[PDB]
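Okay, so we've got the same protein chain twice, two forms, each given alone as structure tokens, structure 1 and structure 2.
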Structure 1
């Protein structure tokens, strides 16, 4: 087809897979027809095992059919390993002077080249602080509320070393969102930093943590706090007895505790991390990832989707508060001994050339970013890109949202000067790593398509009418019909909800996305089919936004829908009703918007607020009829469907008239 972009010749010669699509298809076919042998070989080849699984022909067991019993998957049962050991110790001392992170702060005067040897020292130091000053034991939960600095990777790996369970809270979340996650995870310890900065704006991490910790204590929790010195100590307060500066904890270490810390050898299905993730229903829930399968899957996808070789220099722009930073900043890259760029700042400070200054300075060859960022760079204009030397780039990656042809072409042919392959990687928190993706050198690309499934992955298109598999070119519900090593194993404390959310169609993992498969077998992701939003690349649920809106004292109820937004991809549209007698003013609407930002964070800011004067559209039971609100927010006033269940049909006329006025 004419929209196909061939892989570059040079990448084809370098590829771990081969120079032609036939090479990929040969491996893919093997990974399905001989699935256990495939993963056994990869696992043995590329990872360290203290103990291996007993049988190469049965490295997985599973059930995807609720009628046969509980849903479950297990990978490498019987094997024993450690993620920190694979990320760090095993590379030493051979690679002690190899750079692990080229770190730069938000402030371009702040830089450090952190070697693998230095990471080892930093990690054994912190692990010993955790074990012997905080008494952190295997299985204990530790919360992280950190900026993108070396200490963030150190903290993740130190917890893995001792078998603690991390839960990472994105630094953009508010105190209330942080507290909620610490409460649900029952963290014994919060690791944070004094402060960071986003361009010109200070980010007062410990000050926010103080409010979250006060809220947790008022509910009876006792959470200690360890604070890294990222700035000058003078942005935050410290509570005697609860809060410790990391430098003070370091000083208490014995000399030996700077050189060695025992490794906790983990069983395959021991929990590695909990990641709170927005869903179609209810508040964010903790997705559970275990040890052996996730380790293998995050690392193997990193290697093949980006074709990482030891002479490559890798830069992913994601934060550790989201799954992309787990799999594709810290765990996967370090397990394959990558040299990476670690960047605390933002793409527009000091100006929109910053990421390209990083690419040139560190000779980056693989850049993994997101369409929201790409759209913002495009809007800033090509001259911010072209002042940078991009000759070293050979692979560009995109994650988290659909990317249109114009942005894809701009990424490759302006950003990458037309000498790069592009890996548009589709996957989710629940899948651990990439699921549908190009591979450099061997995969013809279609701009806008994720292309072909990763090795071992069997996607299907389910018919939205009767929910069976569709053959041939087809559009419908995206599902996965067989297990893969990186699959999340449960929702923390609520396996019933896990089965209900993802396994409602027996035999399939239901993604929540829709997709079209074309006549070449390439997949085109068309977005969520449930109520989940994708706002500036952040996955957010309508329920926490509505719950946040409803905490404003004047608000009776609300309903949130998404709408197309040029920069954010999807914006947040709020319909809401106020108590009888409320004076509706611009200041009131501003206070409701600020309430959402207080309860959740800036990432959930409403873009439009429409006052439903008579009420939200609702059935006799009280159920808000959301399709009505969806159609209105788009201007489509004739395609609403049926309203006969509306206890208050008077509401409709008001909703269309108001929208025409606001003109979103």
Structure 2
């Protein structure tokens, strides 16, 4: 056995749904691959409600991964009928009406509410009836959500699922321009938002931002209604904007108690989630109903070993896939009791998440390496004042975790009595794909370990594009379908086939990985050109285009660079027009332009002025390798300069970088 292996705790072994040692997991995994249809049919029948089941347990999937045979497609549970809201809520009643669904706390610690499953039912039937009868939302209509992490956010997702509407969630940190682009592309009929929120000391205007987005949408010929939850005096446009309290007042008494369920076919769309690509504008990843429901919920259960006596806390936002699968849908479908937190880990101070852990007796904590590294920098006293005795599983998602952060998470945060589930997956996969399972999986810090049940990863040789056996490094791909796979890109199946199915027979993840002699996977990062910043994808061209809209800017080039907290940061090289007075204020104005066009999440970390221009070939192409190496401080590895039309720029780029140090 490797010396870096960490054994699962004995207590987690005894509690595990799977078993106390690796053989228990491998027995199920083998069955889940060789009897793949029967496995998922048994899971689906065991753990979910179906109005109508699929016709044949031996054939719950049909698919084509080989473009030479025809269009790429995937279907799971075709013929079955179900509803995600019913599985998240109604079926838990009346037996669990008094069970807490969310222990909610606001940014302000004096704002708290324990929301039971019974109360969620009431809230969801009310909102669903508002949507049906006051907004005329019908099956398949698109509804945009621009909401903070408050109970109404989950209510809104589940109410739309209840009636068969398609949600598209826009992260609350996007700007108005980013919000409007998503509403226009999805052709939303309705925007659900809130008056405002707060994050630390920062006010978060939501309806004020939505006002600017809706004005742009109207200029484009759209008519989008807006429903505003009361979270914290807004301007309300007569005829377009309604306070949720006024909408509630229009309900009849029985509309507070009953709302018919729209029974959905298996491949009906559930949500669109706009995701940045290596090239081009963000595209909406499409997830349908039955396969996603099954996959998000089953991975929730096994990857975290969730039992009914556990209390769960995921720190992710609903604006991202982790918040879809592992705050709202997956946890509620398995009747989890969860912490729902509107705020940030450092307000009032850096003990906040630990205050939540101890107050609600959290036993499973799912967070991200950027956040962990921030907690590490703040100092261990903020952690050690908290009682962490209830923690038994800690999870990490979104980006690689290095050994030091992994060890700190387990041995400081979790006091050495936790297993750690480093879950590798992506927006397109619906749920966890490679992950430890508590109690049964020996862990290697920095490795995602073994594939989830029903998942067959492969390592493809980058040059020959065929599978490599045994220990190997190359392109991470998946050789067979799983229930949670995204079904298309909204309005662009051609781009979906091009991006993910360029090698016939495989789903191409866009990640590189190494598989070791124990079959454990080590994800080494994106092999395309998209950035993964604080755990979320952003494309360089989006940031460049935004930077270039500043009137003084001639040209820009954006690269990622290693960042000790965010993993990968945003480094901008740019040129200004002749005669520009370059000042700190001007650089701040260019940064503010990015923040207006995209949002704070896209704030450049470093802005370097290329006094003499960007390195370009004689054909005018920017030589990005040079900028990548400079931004990382790797001056000895710039590589070839002989194709540069302007080789005198290199000396300046290095000297300016050293002055900034970056």
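So that the term is clear: the rigid core is the largest set of C-alpha atoms that superpose within 1.5 Å between two forms. Positions refer to the first chain, counted from 1.
Asker: Relative to the superposed core, which single residue of 603, 40, 609, 599 shows a CA shift of 2 Å or more between structure 1 and structure 2?
Answerer: With the rigid core superposed, the residue that stands out is 609.
Asker: After a rigid core superposition, would you say the CA of residue 379 moves by 2 angstroms or more between structure 1 and structure 2, or not?
Answerer: No, its C-alpha moves less than 2 Å.
Asker: So that I can tell if residue 342 moves, could you say whether its C-alpha shifts by at least 2 Å between structure 1 and structure 2 after the core superposition?
Answerer: No, its C-alpha moves less than 2 Å.
Asker: Core-aligned, is the CA shift for residue 575 between structure 1 and structure 2 2 angstroms or more?
Answerer: Yes, its C-alpha moves 2 Å or more.
Asker: Superpose the two forms on the rigid core, then give the C-alpha shift of residue 620 between structure 1 and structure 2 in Å.
Answerer: The alpha-carbon displacement, core-superposed, is 6.3 Å.
Asker: For residue 546, what C-alpha shift in Å results between structure 1 and structure 2 following superposition on the rigid core?
Answerer: Reported C-alpha shift between structure 1 and structure 2: 1.6 Å at residue 546.
Asker: How much does the C-alpha of residue 631 shift between structure 1 and structure 2, in angstrom, given a rigid core superposition?
Answerer: That residue's C-alpha sits 2.6 Å away in the other form.
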